[PDB]
Amino acid sequence: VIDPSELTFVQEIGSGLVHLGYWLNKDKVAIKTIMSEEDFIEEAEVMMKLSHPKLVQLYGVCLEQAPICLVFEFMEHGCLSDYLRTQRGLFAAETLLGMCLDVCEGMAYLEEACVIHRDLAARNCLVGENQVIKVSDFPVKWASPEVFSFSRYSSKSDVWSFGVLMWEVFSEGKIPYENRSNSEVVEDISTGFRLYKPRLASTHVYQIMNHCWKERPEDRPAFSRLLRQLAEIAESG
Amino acid sequence: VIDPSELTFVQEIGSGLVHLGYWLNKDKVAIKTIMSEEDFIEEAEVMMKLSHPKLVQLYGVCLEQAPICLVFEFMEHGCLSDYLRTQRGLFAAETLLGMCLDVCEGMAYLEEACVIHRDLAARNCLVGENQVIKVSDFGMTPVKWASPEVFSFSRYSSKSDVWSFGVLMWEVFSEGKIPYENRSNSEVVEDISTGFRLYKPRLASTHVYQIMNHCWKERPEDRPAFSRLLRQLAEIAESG
Ligand SMILES: CN(C)Cc1ccc([C@H]2C[C@@H]2C(=O)Nc2nc3ccc(-c4cccnc4)cc3s2)cc1
Ligand SMILES: CN(C)Cc1ccc([C@H]2C[C@@H]2C(=O)Nc2nc3ccc(-c4cccnc4)cc3s2)cc1
Numbered sequence: 357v358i359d360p361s362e363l364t365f366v367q368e369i370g371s375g376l377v378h379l380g381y382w383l384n385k386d387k388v389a390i391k392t393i398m399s400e401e402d403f404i405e406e407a408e409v410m411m412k413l414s415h416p417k418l419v420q421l422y423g424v425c426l427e428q429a430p431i432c433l434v435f436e437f438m439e440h441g442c443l444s445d446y447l448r449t450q451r452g453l454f455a456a457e458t459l460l461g462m463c464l465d466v467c468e469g470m471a472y473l474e475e476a477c478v479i480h481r482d483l484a485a486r487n488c489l490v491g492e493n494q495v496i497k498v499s500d501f521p522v523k524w525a526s527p528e529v530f531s532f533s534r535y536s537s538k539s540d541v542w543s544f545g546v547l548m549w550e551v552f553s554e555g556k557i558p559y560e561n562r563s564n565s566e567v568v569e570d571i572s573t574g575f576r577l578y579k580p581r582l583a584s585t586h587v588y589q590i591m592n593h594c595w596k597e598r599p600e601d602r603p604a605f606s607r608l609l610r611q612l613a614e615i616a617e618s619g
Numbered sequence: 357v358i359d360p361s362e363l364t365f366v367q368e369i370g371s375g376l377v378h379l380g381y382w383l384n385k386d387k388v389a390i391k392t393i398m399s400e401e402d403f404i405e406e407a408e409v410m411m412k413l414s415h416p417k418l419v420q421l422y423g424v425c426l427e428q429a430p431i432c433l434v435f436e437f438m439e440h441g442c443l444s445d446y447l448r449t450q451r452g453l454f455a456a457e458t459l460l461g462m463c464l465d466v467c468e469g470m471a472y473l474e475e476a477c478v479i480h481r482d483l484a485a486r487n488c489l490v491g492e493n494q495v496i497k498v499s500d501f502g503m504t521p522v523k524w525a526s527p528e529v530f531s532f533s534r535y536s537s538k539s540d541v542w543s544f545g546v547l548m549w550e551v552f553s554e555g556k557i558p559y560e561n562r563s564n565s566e567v568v569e570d571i572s573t574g575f576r577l578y579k580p581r582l583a584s585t586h587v588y589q590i591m592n593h594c595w596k597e598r599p600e601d602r603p604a605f606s607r608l609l610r611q612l613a614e615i616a617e618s619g
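For the protein sequence lines, the chains are B and A, in the order given. Read left to right, the first sequence gives residues 357 to 371, 375 to 393, 398 to 501, 521 to 619 (the deposited numbering). Read left to right, the second sequence gives residues 357 to 371, 375 to 393, 398 to 504, 521 to 619 (the deposited numbering).
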């Protein structure tokens, strides 16, 4: 890759001849437009510290009035939900398990950092360079019994949502509980109904989804446990 | 952090709403100034393919004539050699081992990439963000870092780079002291051929000195590979 002259020389540093300079380059970013000015600088700085290759990075904020904004890393292929739907019938099960592995890697970091996503779904996940999936944006169809009944959020409630996300991936973006009302989803899950097994998902994969969908959160596997299991299936293939 | 208006809006992508935009940020770079144009566009692309957190990245090249130049990632604390000397008596053994580990990661990647540095030394390594060490000046195209097959037959391999690494370790652990300080090239060649090795630095442990000696085995086939050295150096770091 070649540079024209967006290079600014400053001073010598080396002794061949080296220089300290600036490289003012146009980087593609995603800008989200939007009380408590001081708190939002801290809130962004806290989110900025949550760095991981499988999480969409927030570069900064703009507070110089007018429509105020958040600066994020640009994901070249948009959201996972749309990426799956527009490519339906062209996926290999390997690609789909890879997508789930990326999400789990990011989630295993969030679990370790003690951060509850609260709303993990394919619409909240984005597709980047060479189909890499990154987690972003931190709803009853992705809710666990403790969450839709009591709003009892934890990493284990994010584990349930990941079970739903996995199904969304292996079903190539199908709508979970397609024609079901908020009350009907609650009734169905309570009565013991679980999402069907997609053809692209193996018996071991569907077993993992069902483990994420266990009634009591303490019966569900943590993301660190899920990461090691999915990493093994990925490499053994 | 805060951004003012170094933001350029382009198009709507979201529906809160999201926009595709460009961000013009002032990135600190190191510019090295200088065989047809075509060949050096390819060589710059090949060197750009060699990406690792422990190697100084080449961002690109400038070919719009006048003095032609190469643009690298800037390293805020300069070269290792000078950083060791200017901070002597202020290093913990853990920091020095941490420095050797950094070089080892970068070198193990170059080893696997089938790339031979040919001139590994503290003078070529650079210090960055929170004392991180990164290898530099490998594909840019002395007896003290040279292995016996290199000073005898010029047999350069990843194994000869391991010898340079053992000497680099000595430079690190001796806080930038000159190896074979008052020894002529003829003196160095002779001494190493008889079996004499660099003495153990004060801050280097017994286990660390064994590592350094394995890097200094007469035969390259007896020296440990960077992959083996990494696992061993990482193990020492995680425990003690
Ligand atoms: C030339 N090329 C730039 C044209 C082009 C235009 C539009 C798109 C669309 C598909 C891509 C897209 O939607 N990218 C996005 N990236 C991000 C990153 C972060 C956030 C984000 C994160 C957190 C909160 N809110 C938004 C949203 C998006 S949409 C691709 C290429
Ligand atoms: C903010 N600023 C005003 C303070 C400041 C400026 C300069 C330095 C000097 C010490 C640092 C330095 O020497 N950095 C270097 N970085 C590189 C990166 C690549 C190469 C390089 C690599 C391969 C081939 N040629 C050159 C040389 C250097 S020197 C420290 C603080």
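Ideal Cβ placement from N, Cα and C applies to all residues, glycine included.
- If you ignore the 5 residues before and after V567 (chain A), its C-beta comes within less than 7 Å of the C-beta of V522, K523, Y559, all in its own chain and listed in chain order.
- Chain B has a Cβ within less than 8 Å of the Cβ of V434 (chain A).
- Here the C-alpha atom of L433 (chain A) lies approximately 26 Å from the C-alpha atom of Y535 (chain A).
- At the C-beta level, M591 (chain A) and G545 (chain A) come within 8 Å of one another.
- Between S537 (chain A) and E474 (chain A), the CB-CB gap stays under 8 Å.
- Excluding residues up to 5 positions away in sequence, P430, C432 lie with their Cβ nearer than 6 Å to the Cβ of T392 (chain B) in the same chain.
- Contact between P599 (chain A) and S526 (chain A) holds: their C-beta atoms lie close to 7 Å from each other, under 8 Å.
- Put simply, the backbone Cα of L609 (chain B) is about 39 Å away from that of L383 (chain B).
- The beta carbons of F437 (chain A) and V388 (chain A) sit about 5 Å from each other, so the pair counts as a contact at 8 Å.
- For the set A:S565, A:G461, A:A604, the Cα lying nearest the Cα of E614 (chain A) is the one of A:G461.
- Straight-line spacing of the CA atoms in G380 (chain A) and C594 (chain A) works out to 51 Å.
- In this structure, the alpha-carbon of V498 (chain B) lies about 44 Å from that of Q428 (chain A).
- When beta bridges are read from the DSSP output, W595 (chain A) appears opposite no residue.
- Contact annotation: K417 (chain A) and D482 (chain A) have beta-carbon atoms that are not nearer than 8 Å.
- Each residue's CA atom was taken as its position, placing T364 (chain B) and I390 (chain A) some 10 Å apart.
- Residue pairing by DSSP places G555 (chain B) in no beta bridge whatsoever.
- Using a Cβ-Cβ cut-off of 8 Å, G423 (chain A) counts as an interface residue toward chain B, since at least one Cβ of chain B sits closer than that to its own.
- Excluding five sequence positions before and after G469 (chain B), the CB atoms of its chain that fall closer than 7 Å to its own CB belong to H415, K417, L418, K497, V498, given in chain order.
- In this structure, the C-beta of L383 (chain A) stays at least 7 Å away from each heavy atom of ligand 1.
- For a cut-off of 8 Å, the C-beta gap from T449 (chain B) to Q494 (chain B) is around 13 Å, too long to register as a contact.
- Secondary structure note for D445 (chain A): its alpha helix (DSSP H) is the uninterrupted segment 443-448.
- What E617 (chain A) touches in chain B, judged by beta-carbon distance under 7 Å, is nothing: the nearest beta carbon there is about 18 Å away.
- Here DSSP, grouped into helix, strand and coil, assigns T364 (chain B) to strand.
- Minimum Cα-Cα distance from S444 (chain A) among the listed residues A:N564, A:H378, A:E550 corresponds to A:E550.
- Short note on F437 (chain B): C-beta closer than 7 Å to some heavy atom of ligand 1.
- When C-alpha distances from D500 (chain B) are compared across B:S361, B:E528, B:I479, B:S565, the shortest belongs to B:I479.
- At a threshold of 7 Å, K497 (chain B) does not count as near ligand 2, since its beta carbon sits no closer than that to any of the ligand's heavy atoms.
- Taking CB atoms only, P521 (chain B) has no neighbour in chain A less than 8 Å away.
- For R602 (chain B), the number of other beta carbons within 10 angstroms of its own is at least 16, and it is reported as buried.
- For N561 (chain B), no chain A residue has a Cβ inside 8 Å of its Cβ, as the nearest lies near 24 Å away.
- A direct Cα-Cα distance of roughly 15 Å separates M548 (chain B) from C442 (chain B).
- Taking the beta carbon of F437 (chain B) as reference, the chain A residues within 8 Å of it are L379, listed in sequence order.
- In this model, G502 (chain A) and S533 (chain A) are separated by some 17 Å (Cα to Cα).
- Put simply, the backbone Cα of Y578 (chain B) is about 47 Å away from that of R607 (chain A).
- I571 (chain A) and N561 (chain A) have their alpha carbons spaced roughly 15 Å apart.
- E492 (chain A) is positioned such that its CB atom lies no closer than 8 Å to that of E406 (chain A).
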